[PDB]
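Peer 1: Okay, so here is query04.txt, and as you'll see once you scroll down, it has compact mmCIF, N, CA and C atoms.
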# COMPACT_ATOMS: atom_id res chain seq x y z
N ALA J 941 45.20 -25.68 -0.37
CA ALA J 941 45.58 -26.35 0.87
C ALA J 941 44.72 -25.90 2.04
N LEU J 942 44.46 -24.59 2.15
CA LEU J 942 43.62 -24.03 3.20
C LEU J 942 42.14 -24.11 2.87
N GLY J 943 41.75 -25.02 1.98
CA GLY J 943 40.35 -25.16 1.64
C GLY J 943 39.50 -25.53 2.83
N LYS J 944 40.10 -26.24 3.80
CA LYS J 944 39.34 -26.67 5.00
C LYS J 944 38.85 -25.43 5.76
N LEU J 945 39.78 -24.58 6.21
CA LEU J 945 39.40 -23.36 6.99
C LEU J 945 38.49 -22.47 6.13
N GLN J 946 38.85 -22.28 4.86
CA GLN J 946 38.06 -21.37 3.97
C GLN J 946 36.62 -21.89 3.88
N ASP J 947 36.45 -23.20 3.65
CA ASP J 947 35.11 -23.76 3.57
C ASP J 947 34.29 -23.42 4.80
N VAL J 948 34.93 -23.43 5.98
CA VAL J 948 34.25 -22.99 7.20
C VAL J 948 33.83 -21.53 7.07
N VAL J 949 34.74 -20.69 6.56
CA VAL J 949 34.40 -19.28 6.38
C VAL J 949 33.24 -19.12 5.41
N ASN J 950 33.29 -19.82 4.28
CA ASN J 950 32.27 -19.74 3.25
C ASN J 950 30.95 -20.37 3.66
N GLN J 951 30.95 -21.25 4.66
CA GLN J 951 29.72 -21.80 5.18
C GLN J 951 29.06 -20.89 6.20
N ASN J 952 29.84 -20.30 7.10
CA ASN J 952 29.27 -19.31 8.00
C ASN J 952 28.72 -18.12 7.23
N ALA J 953 29.50 -17.61 6.27
CA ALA J 953 29.06 -16.46 5.49
C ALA J 953 27.82 -16.79 4.68
N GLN J 954 27.78 -17.99 4.10
CA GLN J 954 26.62 -18.39 3.31
C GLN J 954 25.37 -18.51 4.17
N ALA J 955 25.51 -19.07 5.37
CA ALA J 955 24.37 -19.16 6.27
C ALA J 955 23.86 -17.78 6.65
N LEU J 956 24.77 -16.86 6.96
CA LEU J 956 24.37 -15.50 7.29
C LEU J 956 23.68 -14.81 6.12
N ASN J 957 24.19 -15.03 4.91
CA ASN J 957 23.60 -14.39 3.74
C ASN J 957 22.20 -14.91 3.46
N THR J 958 22.00 -16.22 3.63
CA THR J 958 20.66 -16.77 3.51
C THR J 958 19.73 -16.21 4.58
N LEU J 959 20.24 -16.07 5.80
CA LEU J 959 19.43 -15.50 6.87
C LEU J 959 19.01 -14.08 6.53
N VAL J 960 19.94 -13.29 5.99
CA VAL J 960 19.61 -11.92 5.60
C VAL J 960 18.60 -11.91 4.47
N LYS J 961 18.80 -12.76 3.46
CA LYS J 961 17.92 -12.79 2.31
C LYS J 961 16.55 -13.37 2.61
N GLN J 962 16.37 -14.02 3.75
CA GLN J 962 15.05 -14.47 4.16
C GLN J 962 14.22 -13.35 4.75
N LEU J 963 14.79 -12.17 4.92
CA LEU J 963 14.00 -11.02 5.34
C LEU J 963 13.21 -10.41 4.20
N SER J 964 13.52 -10.77 2.96
CA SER J 964 12.82 -10.27 1.79
C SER J 964 11.80 -11.26 1.26
N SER J 965 11.21 -12.06 2.14
CA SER J 965 10.19 -13.02 1.77
C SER J 965 8.85 -12.61 2.38
N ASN J 966 7.80 -12.71 1.58
CA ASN J 966 6.47 -12.39 2.08
C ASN J 966 6.01 -13.41 3.11
N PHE J 967 6.33 -14.68 2.89
CA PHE J 967 5.79 -15.79 3.66
C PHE J 967 4.27 -15.81 3.64
N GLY J 968 3.67 -15.28 2.58
CA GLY J 968 2.23 -15.21 2.46
C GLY J 968 1.64 -13.86 2.78
N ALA J 969 2.39 -12.98 3.44
CA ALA J 969 1.91 -11.65 3.77
C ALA J 969 1.77 -10.81 2.51
N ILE J 970 1.19 -9.63 2.66
CA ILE J 970 1.07 -8.72 1.53
C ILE J 970 2.44 -8.16 1.16
N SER J 971 3.32 -8.01 2.15
CA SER J 971 4.63 -7.42 1.92
C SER J 971 5.63 -8.07 2.86
N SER J 972 6.91 -7.92 2.52
CA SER J 972 7.99 -8.34 3.39
C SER J 972 8.54 -7.19 4.23
N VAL J 973 7.89 -6.03 4.20
CA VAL J 973 8.34 -4.86 4.93
C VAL J 973 7.33 -4.58 6.04
N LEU J 974 7.80 -4.66 7.29
CA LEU J 974 6.91 -4.37 8.41
C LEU J 974 6.46 -2.92 8.37
N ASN J 975 7.34 -2.01 7.97
CA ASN J 975 6.94 -0.61 7.92
C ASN J 975 5.85 -0.38 6.88
N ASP J 976 5.96 -1.02 5.72
CA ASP J 976 4.90 -0.92 4.72
C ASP J 976 3.60 -1.52 5.23
N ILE J 977 3.67 -2.69 5.86
CA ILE J 977 2.46 -3.31 6.41
C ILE J 977 1.81 -2.38 7.43
N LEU J 978 2.61 -1.82 8.33
CA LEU J 978 2.08 -0.98 9.38
C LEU J 978 1.52 0.32 8.83
N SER J 979 2.19 0.91 7.84
CA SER J 979 1.72 2.16 7.28
C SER J 979 0.50 1.96 6.39
N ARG J 980 0.26 0.73 5.93
CA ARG J 980 -0.88 0.48 5.06
C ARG J 980 -2.10 -0.05 5.79
N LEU J 981 -1.95 -0.77 6.89
CA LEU J 981 -3.08 -1.46 7.48
C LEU J 981 -3.32 -1.00 8.90
N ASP J 982 -4.60 -0.92 9.28
CA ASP J 982 -4.97 -0.69 10.66
C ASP J 982 -4.62 -1.93 11.48
N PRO J 983 -4.32 -1.76 12.76
CA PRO J 983 -3.70 -2.84 13.54
C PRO J 983 -4.47 -4.16 13.49
N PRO J 984 -5.81 -4.15 13.58
CA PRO J 984 -6.52 -5.44 13.52
C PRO J 984 -6.29 -6.21 12.23
N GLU J 985 -6.17 -5.52 11.10
CA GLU J 985 -5.87 -6.20 9.84
C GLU J 985 -4.38 -6.47 9.70
N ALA J 986 -3.56 -5.54 10.19
CA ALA J 986 -2.09 -5.67 10.02
C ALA J 986 -1.58 -6.92 10.75
N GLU J 987 -1.96 -7.10 12.01
CA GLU J 987 -1.44 -8.24 12.81
C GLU J 987 -1.52 -9.54 11.99
N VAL J 988 -2.60 -9.72 11.22
CA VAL J 988 -2.75 -10.99 10.50
C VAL J 988 -1.56 -11.24 9.59
N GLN J 989 -1.11 -10.20 8.88
CA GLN J 989 0.06 -10.34 8.01
C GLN J 989 1.37 -10.31 8.79
N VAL L 347 -21.76 -2.40 -16.71
CA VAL L 347 -20.80 -3.25 -16.03
C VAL L 347 -19.91 -3.98 -17.03
N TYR L 348 -20.47 -4.35 -18.19
CA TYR L 348 -19.66 -5.02 -19.20
C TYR L 348 -18.70 -4.06 -19.89
N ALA L 349 -18.97 -2.76 -19.84
CA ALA L 349 -18.12 -1.76 -20.47
C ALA L 349 -17.68 -0.73 -19.44
N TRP L 350 -17.20 -1.21 -18.29
CA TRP L 350 -16.89 -0.35 -17.16
C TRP L 350 -15.86 0.71 -17.54
N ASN L 351 -16.07 1.93 -17.07
CA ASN L 351 -15.18 3.03 -17.44
C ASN L 351 -13.97 3.07 -16.52
N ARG L 352 -12.78 3.11 -17.11
CA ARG L 352 -11.54 3.19 -16.36
C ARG L 352 -10.93 4.57 -16.55
N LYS L 353 -10.70 5.26 -15.44
CA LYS L 353 -10.05 6.57 -15.43
C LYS L 353 -8.75 6.46 -14.66
N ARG L 354 -7.67 6.94 -15.27
CA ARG L 354 -6.35 6.90 -14.66
C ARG L 354 -6.10 8.23 -13.97
N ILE L 355 -5.72 8.17 -12.69
CA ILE L 355 -5.55 9.33 -11.84
C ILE L 355 -4.09 9.39 -11.42
N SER L 356 -3.45 10.52 -11.70
CA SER L 356 -2.04 10.74 -11.43
C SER L 356 -1.79 12.24 -11.35
N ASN L 357 -0.65 12.60 -10.75
CA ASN L 357 -0.21 14.00 -10.64
C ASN L 357 -1.24 14.86 -9.92
N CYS L 358 -1.64 14.42 -8.73
CA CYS L 358 -2.64 15.14 -7.95
C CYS L 358 -2.56 14.69 -6.50
N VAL L 359 -3.25 15.44 -5.64
CA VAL L 359 -3.35 15.13 -4.22
C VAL L 359 -4.76 14.64 -3.94
N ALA L 360 -4.87 13.45 -3.37
CA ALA L 360 -6.16 12.81 -3.14
C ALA L 360 -6.48 12.82 -1.65
N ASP L 361 -7.67 13.32 -1.31
CA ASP L 361 -8.14 13.36 0.07
C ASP L 361 -9.10 12.19 0.27
N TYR L 362 -8.51 11.03 0.54
CA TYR L 362 -9.29 9.80 0.64
C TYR L 362 -10.26 9.85 1.81
N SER L 363 -9.84 10.41 2.94
CA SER L 363 -10.75 10.56 4.06
C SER L 363 -11.90 11.51 3.72
N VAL L 364 -11.59 12.57 2.96
CA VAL L 364 -12.66 13.51 2.53
C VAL L 364 -13.72 12.70 1.77
N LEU L 365 -13.32 12.05 0.67
CA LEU L 365 -14.25 11.21 -0.11
C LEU L 365 -14.94 10.21 0.82
N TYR L 366 -14.21 9.68 1.81
CA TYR L 366 -14.77 8.66 2.69
C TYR L 366 -15.95 9.21 3.47
N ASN L 367 -15.81 10.41 4.02
CA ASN L 367 -16.89 11.08 4.73
C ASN L 367 -17.58 12.10 3.82
N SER L 368 -18.20 11.60 2.76
CA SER L 368 -18.84 12.46 1.78
C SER L 368 -20.29 12.06 1.53
N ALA L 369 -20.56 10.76 1.53
CA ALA L 369 -21.90 10.27 1.22
C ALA L 369 -22.14 9.00 2.03
N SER L 370 -23.20 8.28 1.70
CA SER L 370 -23.57 7.04 2.39
C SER L 370 -23.13 5.88 1.50
N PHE L 371 -21.86 5.50 1.63
CA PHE L 371 -21.31 4.38 0.87
C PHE L 371 -21.66 3.10 1.60
N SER L 372 -22.58 2.32 1.03
CA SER L 372 -23.02 1.09 1.68
C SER L 372 -21.90 0.07 1.81
N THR L 373 -20.88 0.15 0.96
CA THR L 373 -19.76 -0.77 1.02
C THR L 373 -18.48 0.01 0.76
N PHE L 374 -17.51 -0.11 1.65
CA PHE L 374 -16.21 0.53 1.50
C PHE L 374 -15.10 -0.47 1.77
N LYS L 375 -15.15 -1.60 1.08
CA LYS L 375 -14.24 -2.70 1.39
C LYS L 375 -12.87 -2.42 0.79
N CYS L 376 -11.90 -2.10 1.63
CA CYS L 376 -10.54 -1.82 1.19
C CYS L 376 -9.68 -3.04 1.48
N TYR L 377 -9.11 -3.62 0.43
CA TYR L 377 -8.29 -4.83 0.52
C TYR L 377 -6.83 -4.45 0.34
N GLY L 378 -6.00 -4.83 1.31
CA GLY L 378 -4.58 -4.56 1.27
C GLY L 378 -4.15 -3.25 1.90
N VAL L 379 -5.09 -2.38 2.25
CA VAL L 379 -4.79 -1.08 2.84
C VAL L 379 -6.03 -0.56 3.56
N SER L 380 -5.86 -0.02 4.76
CA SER L 380 -7.00 0.47 5.52
C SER L 380 -7.34 1.90 5.12
N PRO L 381 -8.63 2.24 5.06
CA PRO L 381 -9.01 3.56 4.53
C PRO L 381 -8.39 4.73 5.27
N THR L 382 -8.31 4.65 6.60
CA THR L 382 -7.77 5.76 7.37
C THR L 382 -6.29 5.96 7.10
N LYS L 383 -5.61 4.94 6.60
CA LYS L 383 -4.21 5.07 6.23
C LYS L 383 -4.01 5.64 4.83
N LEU L 384 -5.09 5.75 4.05
CA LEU L 384 -4.94 6.15 2.65
C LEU L 384 -4.38 7.56 2.52
N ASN L 385 -4.45 8.37 3.57
CA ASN L 385 -3.91 9.72 3.49
C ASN L 385 -2.40 9.76 3.71
N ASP L 386 -1.81 8.70 4.25
CA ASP L 386 -0.39 8.69 4.55
C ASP L 386 0.43 7.97 3.49
N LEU L 387 -0.17 7.68 2.33
CA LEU L 387 0.47 6.86 1.32
C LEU L 387 0.52 7.60 0.00
N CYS L 388 1.55 7.30 -0.79
CA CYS L 388 1.68 7.78 -2.15
C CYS L 388 1.62 6.58 -3.09
N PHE L 389 0.73 6.66 -4.08
CA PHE L 389 0.50 5.61 -5.05
C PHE L 389 1.02 6.04 -6.41
N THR L 390 1.55 5.07 -7.16
CA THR L 390 2.07 5.35 -8.49
C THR L 390 0.95 5.77 -9.44
N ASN L 391 -0.17 5.06 -9.41
CA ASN L 391 -1.34 5.40 -10.20
C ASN L 391 -2.59 4.96 -9.45
N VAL L 392 -3.70 5.64 -9.71
CA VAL L 392 -5.00 5.22 -9.19
C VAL L 392 -5.90 4.95 -10.39
N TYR L 393 -6.45 3.75 -10.47
CA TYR L 393 -7.43 3.44 -11.50
C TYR L 393 -8.82 3.40 -10.89
N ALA L 394 -9.72 4.23 -11.40
CA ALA L 394 -11.08 4.32 -10.87
C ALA L 394 -12.02 3.65 -11.86
N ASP L 395 -12.23 2.35 -11.68
CA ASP L 395 -13.11 1.60 -12.56
C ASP L 395 -14.54 1.72 -12.06
N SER L 396 -15.38 2.41 -12.83
CA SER L 396 -16.73 2.75 -12.42
C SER L 396 -17.74 2.01 -13.28
N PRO V 496 -37.82 1.80 -9.45
CA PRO V 496 -37.83 2.24 -8.04
C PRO V 496 -38.61 1.32 -7.12
N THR V 497 -39.50 0.50 -7.65
CA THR V 497 -40.27 -0.44 -6.84
C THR V 497 -39.63 -1.81 -6.76
N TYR V 498 -38.44 -1.98 -7.33
CA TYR V 498 -37.75 -3.26 -7.27
C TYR V 498 -37.27 -3.54 -5.85
N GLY V 499 -36.82 -4.77 -5.63
CA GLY V 499 -36.34 -5.16 -4.32
C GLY V 499 -35.05 -4.46 -3.94
N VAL V 500 -34.80 -4.42 -2.63
CA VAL V 500 -33.61 -3.74 -2.12
C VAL V 500 -32.35 -4.38 -2.69
N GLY V 501 -32.34 -5.70 -2.80
CA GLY V 501 -31.22 -6.39 -3.40
C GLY V 501 -31.18 -6.37 -4.91
N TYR V 502 -32.20 -5.78 -5.55
CA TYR V 502 -32.25 -5.67 -7.00
C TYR V 502 -32.12 -4.22 -7.46
N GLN V 503 -31.83 -3.31 -6.56
CA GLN V 503 -31.66 -1.91 -6.91
C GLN V 503 -30.26 -1.65 -7.44
N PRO V 504 -30.08 -0.63 -8.27
CA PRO V 504 -28.74 -0.34 -8.80
C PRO V 504 -27.84 0.31 -7.76
N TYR V 505 -26.62 -0.21 -7.64
CA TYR V 505 -25.56 0.37 -6.82
C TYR V 505 -24.48 0.86 -7.77
N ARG V 506 -23.99 2.07 -7.53
CA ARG V 506 -22.91 2.64 -8.33
C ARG V 506 -21.57 2.24 -7.72
N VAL V 507 -20.88 1.31 -8.36
CA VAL V 507 -19.63 0.78 -7.83
C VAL V 507 -18.44 1.48 -8.46
N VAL V 508 -17.53 1.96 -7.62
CA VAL V 508 -16.26 2.53 -8.03
C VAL V 508 -15.17 1.70 -7.37
N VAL V 509 -14.30 1.11 -8.18
CA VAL V 509 -13.19 0.31 -7.69
C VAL V 509 -11.93 1.14 -7.86
N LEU V 510 -11.30 1.50 -6.75
CA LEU V 510 -10.03 2.21 -6.77
C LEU V 510 -8.89 1.21 -6.67
N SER V 511 -8.11 1.11 -7.73
CA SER V 511 -6.99 0.17 -7.83
C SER V 511 -5.72 1.00 -7.72
N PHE V 512 -5.03 0.87 -6.60
CA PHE V 512 -3.77 1.57 -6.41
C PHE V 512 -2.63 0.72 -6.94
N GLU V 513 -1.84 1.29 -7.85
CA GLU V 513 -0.65 0.63 -8.37
C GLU V 513 0.48 0.95 -7.40
N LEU V 514 0.69 0.05 -6.44
CA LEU V 514 1.58 0.38 -5.33
C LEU V 514 3.03 0.05 -5.63
N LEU V 515 3.77 1.03 -6.12
CA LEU V 515 5.20 0.87 -6.39
C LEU V 515 6.04 1.91 -5.68
N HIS V 516 5.52 3.13 -5.52
CA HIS V 516 6.14 4.22 -4.76
C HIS V 516 7.38 4.79 -5.43
N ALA V 517 7.87 4.14 -6.50
CA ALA V 517 9.11 4.63 -7.09
C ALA V 517 8.84 5.91 -7.88
N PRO V 518 7.95 5.91 -8.91
CA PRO V 518 7.51 7.18 -9.52
C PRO V 518 6.23 7.70 -8.87
N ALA V 519 6.25 7.81 -7.54
CA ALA V 519 5.03 8.11 -6.80
C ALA V 519 4.49 9.48 -7.18
N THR V 520 3.24 9.52 -7.64
CA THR V 520 2.66 10.76 -8.13
C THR V 520 1.32 11.12 -7.51
N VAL V 521 0.55 10.15 -7.02
CA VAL V 521 -0.66 10.45 -6.27
C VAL V 521 -0.32 10.37 -4.79
N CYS V 522 -0.75 11.36 -4.02
CA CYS V 522 -0.42 11.38 -2.60
C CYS V 522 -1.57 11.96 -1.80
N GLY V 523 -1.54 11.69 -0.50
CA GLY V 523 -2.47 12.32 0.41
C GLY V 523 -2.07 13.75 0.70
N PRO V 524 -2.88 14.43 1.50
CA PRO V 524 -2.55 15.82 1.86
C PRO V 524 -1.21 15.91 2.56
N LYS V 525 -1.11 15.26 3.73
CA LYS V 525 0.14 14.98 4.42
C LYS V 525 1.14 16.13 4.35
N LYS V 526 0.82 17.26 4.97
CA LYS V 526 1.69 18.43 4.93
C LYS V 526 3.13 18.05 5.27
N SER V 527 4.05 18.42 4.38
CA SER V 527 5.45 18.07 4.55
C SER V 527 6.08 18.90 5.66
N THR V 528 7.20 18.41 6.16
CA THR V 528 8.03 19.14 7.11
C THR V 528 9.40 19.38 6.50
N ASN V 529 10.25 20.04 7.26
CA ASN V 529 11.60 20.34 6.80
C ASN V 529 12.49 19.12 6.96
N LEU V 530 13.48 19.01 6.07
CA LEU V 530 14.42 17.90 6.13
C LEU V 530 15.38 18.08 7.30
N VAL V 531 15.69 16.98 7.98
CA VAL V 531 16.62 16.98 9.11
C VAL V 531 17.70 15.95 8.83
N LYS V 532 18.95 16.39 8.80
CA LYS V 532 20.08 15.54 8.46
C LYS V 532 20.98 15.32 9.67
N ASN V 533 21.78 14.25 9.59
CA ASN V 533 22.79 13.94 10.60
C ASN V 533 22.18 13.79 11.99
N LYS V 534 20.98 13.22 12.04
CA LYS V 534 20.26 13.09 13.29
C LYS V 534 19.25 11.96 13.14
N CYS V 535 19.18 11.09 14.14
CA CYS V 535 18.26 9.96 14.08
C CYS V 535 16.83 10.47 14.02
N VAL V 536 16.19 10.31 12.87
CA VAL V 536 14.87 10.87 12.60
C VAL V 536 13.96 9.76 12.10
N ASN V 537 12.67 9.94 12.30
CA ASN V 537 11.65 9.05 11.75
C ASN V 537 11.21 9.64 10.41
N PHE V 538 11.71 9.09 9.32
CA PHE V 538 11.44 9.69 8.02
C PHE V 538 10.22 9.06 7.36
N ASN V 539 9.62 9.82 6.44
CA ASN V 539 8.46 9.39 5.66
C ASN V 539 8.67 9.77 4.20
N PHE V 540 9.79 9.34 3.63
CA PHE V 540 10.14 9.80 2.29
C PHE V 540 9.19 9.26 1.24
N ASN V 541 8.23 10.09 0.82
CA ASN V 541 7.33 9.80 -0.29
C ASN V 541 6.54 8.51 -0.08
N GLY V 542 6.06 8.29 1.14
CA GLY V 542 5.36 7.08 1.49
C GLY V 542 6.25 5.96 1.99
N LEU V 543 7.56 6.04 1.77
CA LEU V 543 8.51 5.06 2.28
C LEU V 543 8.87 5.47 3.70
N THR V 544 8.31 4.75 4.67
CA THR V 544 8.58 5.03 6.07
C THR V 544 9.90 4.39 6.50
Render the structure in this file as C-alpha cells.

Peer 2:
Amino acid sequence: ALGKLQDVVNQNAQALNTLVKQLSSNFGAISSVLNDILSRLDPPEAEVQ
Amino acid sequence: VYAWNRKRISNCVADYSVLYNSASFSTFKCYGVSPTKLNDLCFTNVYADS
Amino acid sequence: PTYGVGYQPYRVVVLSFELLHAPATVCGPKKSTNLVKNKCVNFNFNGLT
C-alpha cells in the first residue's frame, strides 16, 4: 500500500548511490583517485587527467 | 631486441632519482608517472626489460 | 662507430611498474615517520595517500 512513498525513498536513494558510484570512474583518466593522480604526476601532466 | 631480457625487481628500495641523475640518458620518457614522483611511490613489481 | 647518429646503438631499459600497491614491495627511500592516531593527519600508508 505504501509503495508510493517507498518508491520515492528508493528513487532518492538510488540516485544518491549512482552519484557516489560515479566517483569510481576514470572518465578516460589514468585513475579515478585524485590523490593517486597527484602523487604520481607532476602538475603539468596531472592537470590533463 | 628480439630476445629482450626481462628482470623482475621486488623486495628492495629503489632510488629512482639516484638512477635518474647517474648518466646521460638521452630519453627518459615516463608514461603515467612523473620521474620526480617515483621516490614517493611503492610498486608491486618492477620489470626491467633491457 | 662511424655510423650515423640516428643509426648508433642505444641501450634501452623499459621499467614497467605493476601498480597495485596491495602487496607493495618495491619502494622509494621515503624515510618513515611515527604513526599518529586519533588526530587528523595526512597519511602516506605504503604509497596510498

Peer 1: Quick one: distance from atom CA of residue J:980 to atom CA of residue V:520 in Å, one decimal?

Peer 2: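 According to the coordinates, atom CA of residue J:980 and atom CA of residue V:520 are separated by 17.1 Å.
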
Peer 1: Within 7 Å of chain L, which residues of chain J show up? Give each one with its shortest atom-to-atom distance in Å (one decimal) and the two atoms involved, counting only C-alpha atoms, rows by chain then rising residue number, as a Markdown table.

Peer 2:
| residue | atom | partner | partner_atom | distance |
| --- | --- | --- | --- | --- |
| J:979 | CA | L:383 | CA | 6.7 |
| J:980 | CA | L:379 | CA | 4.8 |
| J:981 | CA | L:380 | CA | 4.8 |
| J:982 | CA | L:380 | CA | 5.6 |

Peer 1: Please give the complete set of residues from chain V that DSSP, run on the backbone, assigns to strand (DSSP E), formatted as a list in words.

Peer 2: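 Assigned to strand (DSSP E), within chain V: residues 509, 510, 511, 512, 513, 521 and 522 of chain V.
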
Peer 1: Keeping only N, CA and C atoms, write the selected residues as a PDB file, keeping the file's coordinate frame.

Peer 2:
ATOM      1  N   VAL V 509     -14.300   1.110  -8.180  1.00  0.00           N
ATOM      2  CA  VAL V 509     -13.190   0.310  -7.690  1.00  0.00           C
ATOM      3  C   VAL V 509     -11.930   1.140  -7.860  1.00  0.00           C
ATOM      4  N   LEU V 510     -11.300   1.500  -6.750  1.00  0.00           N
ATOM      5  CA  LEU V 510     -10.030   2.210  -6.770  1.00  0.00           C
ATOM      6  C   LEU V 510      -8.890   1.210  -6.670  1.00  0.00           C
ATOM      7  N   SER V 511      -8.110   1.110  -7.730  1.00  0.00           N
ATOM      8  CA  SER V 511      -6.990   0.170  -7.830  1.00  0.00           C
ATOM      9  C   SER V 511      -5.720   1.000  -7.720  1.00  0.00           C
ATOM     10  N   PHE V 512      -5.030   0.870  -6.600  1.00  0.00           N
ATOM     11  CA  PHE V 512      -3.770   1.570  -6.410  1.00  0.00           C
ATOM     12  C   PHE V 512      -2.630   0.720  -6.940  1.00  0.00           C
ATOM     13  N   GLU V 513      -1.840   1.290  -7.850  1.00  0.00           N
ATOM     14  CA  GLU V 513      -0.650   0.630  -8.370  1.00  0.00           C
ATOM     15  C   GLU V 513       0.480   0.950  -7.400  1.00  0.00           C
ATOM     16  N   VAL V 521       0.550  10.150  -7.020  1.00  0.00           N
ATOM     17  CA  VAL V 521      -0.660  10.450  -6.270  1.00  0.00           C
ATOM     18  C   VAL V 521      -0.320  10.370  -4.790  1.00  0.00           C
ATOM     19  N   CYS V 522      -0.750  11.360  -4.020  1.00  0.00           N
ATOM     20  CA  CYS V 522      -0.420  11.380  -2.600  1.00  0.00           C
ATOM     21  C   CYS V 522      -1.570  11.960  -1.800  1.00  0.00           C
TER      22      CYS V 522
END

Peer 1: Kindly provide, as a list in words, the residues of chain V having any atom no farther than 6 Å from an atom of chain L, counting only N, CA and C atoms.

Peer 2: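 Here they are: residues 507, 508, 509, 510, 511, 512, 513, 514, 515, 516, 518, 519, 520, 521, 522, 523, 524, 525, 541 and 542 of chain V.
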
Peer 1: Create the file for the chosen residues now, containing N, CA and C atoms and written as a short mmCIF file (atom, residue, chain, number, x, y, z; two decimals), in the coordinates of the input.

Peer 2:
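Below is the file that was written, result01.cif:
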data_model
loop_
_atom_site.label_atom_id
_atom_site.label_comp_id
_atom_site.auth_asym_id
_atom_site.auth_seq_id
_atom_site.Cartn_x
_atom_site.Cartn_y
_atom_site.Cartn_z
N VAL V 507 -20.88 1.31 -8.36
CA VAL V 507 -19.63 0.78 -7.83
C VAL V 507 -18.44 1.48 -8.46
N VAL V 508 -17.53 1.96 -7.62
CA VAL V 508 -16.26 2.53 -8.03
C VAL V 508 -15.17 1.70 -7.37
N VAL V 509 -14.30 1.11 -8.18
CA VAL V 509 -13.19 0.31 -7.69
C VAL V 509 -11.93 1.14 -7.86
N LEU V 510 -11.30 1.50 -6.75
CA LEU V 510 -10.03 2.21 -6.77
C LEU V 510 -8.89 1.21 -6.67
N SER V 511 -8.11 1.11 -7.73
CA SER V 511 -6.99 0.17 -7.83
C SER V 511 -5.72 1.00 -7.72
N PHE V 512 -5.03 0.87 -6.60
CA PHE V 512 -3.77 1.57 -6.41
C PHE V 512 -2.63 0.72 -6.94
N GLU V 513 -1.84 1.29 -7.85
CA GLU V 513 -0.65 0.63 -8.37
C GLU V 513 0.48 0.95 -7.40
N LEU V 514 0.69 0.05 -6.44
CA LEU V 514 1.58 0.38 -5.33
C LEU V 514 3.03 0.05 -5.63
N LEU V 515 3.77 1.03 -6.12
CA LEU V 515 5.20 0.87 -6.39
C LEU V 515 6.04 1.91 -5.68
N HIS V 516 5.52 3.13 -5.52
CA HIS V 516 6.14 4.22 -4.76
C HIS V 516 7.38 4.79 -5.43
N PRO V 518 7.95 5.91 -8.91
CA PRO V 518 7.51 7.18 -9.52
C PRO V 518 6.23 7.70 -8.87
N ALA V 519 6.25 7.81 -7.54
CA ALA V 519 5.03 8.11 -6.80
C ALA V 519 4.49 9.48 -7.18
N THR V 520 3.24 9.52 -7.64
CA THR V 520 2.66 10.76 -8.13
C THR V 520 1.32 11.12 -7.51
N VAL V 521 0.55 10.15 -7.02
CA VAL V 521 -0.66 10.45 -6.27
C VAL V 521 -0.32 10.37 -4.79
N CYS V 522 -0.75 11.36 -4.02
CA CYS V 522 -0.42 11.38 -2.60
C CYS V 522 -1.57 11.96 -1.80
N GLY V 523 -1.54 11.69 -0.50
CA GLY V 523 -2.47 12.32 0.41
C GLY V 523 -2.07 13.75 0.70
N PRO V 524 -2.88 14.43 1.50
CA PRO V 524 -2.55 15.82 1.86
C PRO V 524 -1.21 15.91 2.56
N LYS V 525 -1.11 15.26 3.73
CA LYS V 525 0.14 14.98 4.42
C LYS V 525 1.14 16.13 4.35
N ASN V 541 8.23 10.09 0.82
CA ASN V 541 7.33 9.80 -0.29
C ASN V 541 6.54 8.51 -0.08
N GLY V 542 6.06 8.29 1.14
CA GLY V 542 5.36 7.08 1.49
C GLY V 542 6.25 5.96 1.99
#

Peer 1: Can you work out the spacing between atom CA of residue V:532 and atom CA of residue J:976 in Å, to one decimal?

Peer 2: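 Value for the atom CA of residue V:532-atom CA of residue J:976 distance: 22.7 Å.
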
Peer 1: Report, in Å to a single decimal, how far apart atom CA of residue J:969 and atom N of residue J:987 are.

Peer 2: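 If I compute the distance from atom N of residue J:987 to atom CA of residue J:969, I get 10.2 Å.
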
Peer 1: When distances are computed from only C-alpha atoms, which of J:988, J:963, J:973, J:955 shows the smallest separation from chain V?

Peer 2: J:973

Peer 1: To test the calculation: enclose all listed atoms of stretch 356-370 of chain L in a box whose edges run along x, y and z, add 8 Å on each side, then state centre and edge lengths in Å to one decimal, as lines of an AutoDock Vina configuration file.

Peer 2:
center_x = -11.9
center_y = 10.7
center_z = -3.5
size_x = 39.4
size_y = 25.6
size_z = 32.4

Peer 1: Can you list, as a VMD selection string, all residues belonging to chain J that DSSP tags as alpha helix (DSSP H)?

Peer 2: chain J and resid 943 to 961 974 to 980 983 to 986
